[PDB]
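# quick one, structure for this:
(chains A, B, C and D, ligands or ions: 1)
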Amino acid sequence: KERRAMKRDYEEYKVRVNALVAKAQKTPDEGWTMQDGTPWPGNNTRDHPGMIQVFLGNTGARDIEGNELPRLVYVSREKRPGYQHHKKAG
Amino acid sequence: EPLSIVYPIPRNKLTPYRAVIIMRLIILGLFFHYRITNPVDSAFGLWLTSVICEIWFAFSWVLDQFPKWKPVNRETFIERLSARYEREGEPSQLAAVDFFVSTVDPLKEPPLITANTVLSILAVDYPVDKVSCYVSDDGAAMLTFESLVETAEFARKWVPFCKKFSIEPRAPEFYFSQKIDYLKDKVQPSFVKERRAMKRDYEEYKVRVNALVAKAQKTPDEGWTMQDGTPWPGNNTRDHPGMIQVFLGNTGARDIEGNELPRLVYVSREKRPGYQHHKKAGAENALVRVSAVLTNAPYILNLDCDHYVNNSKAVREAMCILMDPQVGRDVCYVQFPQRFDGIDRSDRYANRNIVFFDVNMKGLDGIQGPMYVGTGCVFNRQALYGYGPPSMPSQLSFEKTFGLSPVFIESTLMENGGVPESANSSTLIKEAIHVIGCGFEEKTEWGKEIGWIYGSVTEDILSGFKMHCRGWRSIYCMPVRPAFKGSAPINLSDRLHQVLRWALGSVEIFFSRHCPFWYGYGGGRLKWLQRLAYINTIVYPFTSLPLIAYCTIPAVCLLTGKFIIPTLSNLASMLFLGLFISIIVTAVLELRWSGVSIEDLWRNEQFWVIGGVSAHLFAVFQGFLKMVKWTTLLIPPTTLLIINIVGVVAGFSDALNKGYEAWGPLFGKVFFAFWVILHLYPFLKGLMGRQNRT
Amino acid sequence: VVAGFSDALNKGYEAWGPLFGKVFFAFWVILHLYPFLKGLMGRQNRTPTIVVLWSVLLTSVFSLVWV
Amino acid sequence: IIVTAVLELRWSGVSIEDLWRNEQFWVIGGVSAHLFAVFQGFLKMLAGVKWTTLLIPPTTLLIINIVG
Ligand SMILES: OC[C@H]1O[C@@H](O[C@H]2[C@H](O)[C@@H](O)[C@H](O)O[C@@H]2CO)[C@H](O)[C@@H](O)[C@@H]1O
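Numbers count the residues shown, from 1 in each chain, chains lettered A, B, ... in the order given. See below for the structure:
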């Protein structure tokens, strides 16, 4: 009974990633804008200030039952012209 | 701006190809000097037979190589066509199309396949106010009529679902039974929910059709009766008044949402004893006459009951060439390649037949155009009537050339098409019923010079030849998607019969009045390089007779003679070496530009030889006398195998008379007989075998 | 290798042991790098025409050099 | 031996490859399985095996043949 619902939910979730990719295929002339109504901080691949964010942390979303889940961190470095950035070691 | 472009070979792979063939001709000519200045080989009889047989092969190659000169390629776009003709604001300015489907018997061919084909036709990507469908059945049957009613009911749900999600293919039977991941590029949010419901509905519909088919296995003693409470008009297969009906029309059933769907028409002919009815040639003519009275259209499309549409944009692609103001002035029809599915990886019997389509058709497209095959073609209405290409220099005549019906005579006068005075529906129905009489084509020219031509079994070849003789032109199309798919024979019994049927038709045409040898010369208008292409297609069967003679020399020589040509005098070695290398170099160059794999070329050659000694033989002798069982067709091939294997082994035994060196010809005859038992071995043994050949 | 054979077996007798060793070494060399270097071309095997091509090339070269 | 085999196939309906499979299978079974079975029954009569050892007889015959 739970397996059938889980399969249906996975398929529904798998459709939305394809939808997102299809939308992202084409870029606007001015640039990407966030949902809140502000421009995406990184508009140039070779120039973007560093960013850090935390999702699904201890103080935040909780499971349906009411328990907690491991925290997740997303980090993006800072790049400026005129320097060398080693691929993986850096 | 142009709607389509045509470009030739990039010229990098063209000049070497021409240079190879031109040099080959000189080599062949010199080789015959040696074979004519050596009059003795210890047996005059063998010498006389060998030289004559070889000369024929040279002529056959000449008639087959030249037509492949000057290949050409084409391309088309669809975005520009929509912008130009379908600009918003005003209504569409596109042309109308018509479809024809022919059926004969319900029991011999299952009705489920026919139902799937009908559904596919109604799901095309074209305005619903233009397309139309027609269905014709020769033998009246209640199952076909009842099956169509069920299909129409299910079409209400099937149509809107396909259009919204743009799914392909649009045939439920051939679409659901696919293992390709169906969640590949879909982006709609509610695709899964609707898909589950549709699958359940299709299964229920399938069960209903099965029950209906099984119900009619028995026949009531009194006879079949309709639901309303009246007898079925056609109770005798050889006698039934013609019937006409309309389903799913503009004024009738509507989609669930509230839109309209293409109209469907069901028509049956009239048959009476004491008259001869042509098969598949009078049926097409009858449909054309009926369609003109009901709904005139400028184009006609023909299809079988097995093939189905695989691409939803096929109609637009075909229309993008015929509607071009410049290149579309002189075009009779557009040919589409035919493809088959459900084929194993190892095509033993070469059912796909790619060499002819991917090589011969492209080469012949350069002169005038391709050849009519029978399915997948769009025919101009004016061309069928036999008027003539444009831009080129009484009632009694019209009555005697077309018929006695006045409505049909006045219909052809329309520049575009339609109903002239928008009369009541009842009168049109009565006229349509009256214009399908049994003895309507008594004093008319139908068949003789108008429409489909009666006579030979392979009437499609004959019909195309007459049209081309008046200066018309044809075009070839090769979309990325197949756009058309059908079925192919599985067992060898059907394949051998299929080859035998084609050969007989060619023989009949040769001995009839419509012979290219002395037909069409008056008035010209036919390119001299295509008349040669026509000659080869008509005289190909006769090439089988010398072929059997050549295959007999190796055994006879190896038994008693053991000598065919004199030993080389230091001059034939270079000539022999030049001959062998020449064939190799031409083959590789053809592969380089043709794109066909090397393996498939070998299969075509192997299949050709076997198919000649079995059926093509009968067509020339059974037909000479006429102007066979699976066991009986296999007789001539079996005889060659036994003779060429018992003789070759015997040669080795008698070779023990000499020493370790038996003078060289052993390898001379060993690879001469290997060739015979290298191309004919894998089929005769392969087609029967026992199992696993171990 | 083939040409070597066509030479040695023409005249030399009792001197075909070193020929056998050389042929064995050549076969050892050839076997390691024929399969991978060949199979990438074709679907499974182009033997049908390859065998006849090699045979005709061999016989033609032998006859031409013999002349 | 050849003509008789063909006629049997014609009416029995069996296939030739099945006949060959059975014939050669009978040979191997006789060497190993039945040899030990005949001997084991002789001991209890007068009185009143692992997989590894079962293959010993077949192994010996193969080695002596190839070396000889
Ligand atoms: O003869 C008419 C018949 O031709 C078929 O193509 C043949 C071709 O005519 C023949 O020269 C060649 O050897 O074989 C192909 C088929 O593999 C065609 O397919 C038929 O539709 C047509 O009726």
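# switch to C-alpha atoms for all contacts and neighbour counts from now on
Fine.
# give me the residue from chain D nearest chain A.
At 45.2 Å from chain A, residue D:51 is the closest residue in chain D, using C-alpha to the nearest C-alpha.
# neighbours of that residue, how many?
Applying other C-alpha atoms under 10 Å in any protein chain shown, we find 7 residues neighbouring residue D:51.
# what's the first helix or strand after the single longest helix found in chain C?
Scanning chain C for the longest helix, with DSSP state H as the assignment, gives helix C:17-39. Downstream of helix C:17-39, the next assigned helix or strand under DSSP states H and E is helix C:47-66.
# touching chain B at all, that following helix?
Yes - Helix C:47-66 reaches chain B (C-alpha under 8 Å from any C-alpha of the partner chain) through C:48, C:49, C:60, C:64.
# need the contact list for the third one.
Same thing as residue C:60. residue B:577 (C-alpha atoms under 8 Å, 6 or more residues apart in numbering or on different chains).
# same check, this time on the first one
Counting by C-alpha under 8 Å, 6+ apart, residue C:48 makes contact with residue B:599.
# then the last one?
In this structure, residue C:64 makes contact with residue B:573, judged by C-alpha under 8 Å, 6+ apart.
# so it versus chain D, what's the distance?
44 Å (C-alpha to the nearest C-alpha, to the nearest Å).
# swap in the second one?
Distance check for residue C:49 against chain D: by C-alpha to the nearest C-alpha, it reads 30 Å.
# all helices for the chain, in order.
In the absence of a named chain, this looks at chain A. Using DSSP H, helices in chain A cover A:2-24.
# looking at chain D here, not the other one
All helices of chain D, identified by DSSP H, fall at D:2-12, D:16-29, D:35-47, D:51-54, D:56-67.
# give me the buried positions along the fourth one.
The neighbour-count criterion (16 or more other C-alpha atoms under 10 Å in any protein chain shown) identifies no buried residues in helix D:51-54.
# columns distance to residue B:550 on top of the helices of chain D, output as JSON lines?
Formatted as JSON lines, the helices of chain D follow (distance: least, C-alpha to C-alpha, whole Å):
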{"stretch": "helix D:2-12", "distance to residue B:550": "35"}
{"stretch": "helix D:16-29", "distance to residue B:550": "36"}
{"stretch": "helix D:35-47", "distance to residue B:550": "61"}
{"stretch": "helix D:51-54", "distance to residue B:550": "61"}
{"stretch": "helix D:56-67", "distance to residue B:550": "49"}
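# and of those, who's closest to chain C?
Of all these, helix D:56-67 sits nearest to chain C, with 22.6 Å by C-alpha to the nearest C-alpha.
# figure out which of the helices of chain D is closest to chain B.
Nearest of the helices of chain D to chain B, taken as C-alpha to the nearest C-alpha: helix D:16-29 at 7.7 Å.
# mind listing residues that contact the closest one?
Identification of contacts with helix D:16-29 by C-alpha under 8 Å, 6+ apart yields B:690, B:691, B:694, D:9, D:58.
# who touches the second one in this structure?
When contacts are counted by C-alpha under 8 Å, 6+ apart, residue B:691 is found next to residue D:17.
# cool, and the last one?
For residue D:58, the contact set (C-alpha under 8 Å, 6+ apart) comprises D:28, D:31, D:32.
# tell me how far the residue of chain D positioned farthest from its centre lies from the ligand.
Going by C-alpha atoms, centre = their mean, the residue of chain D most distant from its centre is residue D:48, 29.7 Å out. Taking C-alpha to the nearest ligand atom, to the nearest Å as the measure, residue D:48 falls 81 Å from the ligand.
# any idea how far that residue lies from residue D:42?
The gap separating residue D:48 from residue D:42 is 10 Å, by C-alpha to C-alpha, to the nearest Å.
# follow-up on the earlier one: pull out the buried positions in the longest helix of chain C.
residue C:23.
# name the residues that touch that helix?
The contact list for helix C:17-39, computed with C-alpha under 8 Å, 6+ apart, reads C:1, C:5, C:8, C:45.
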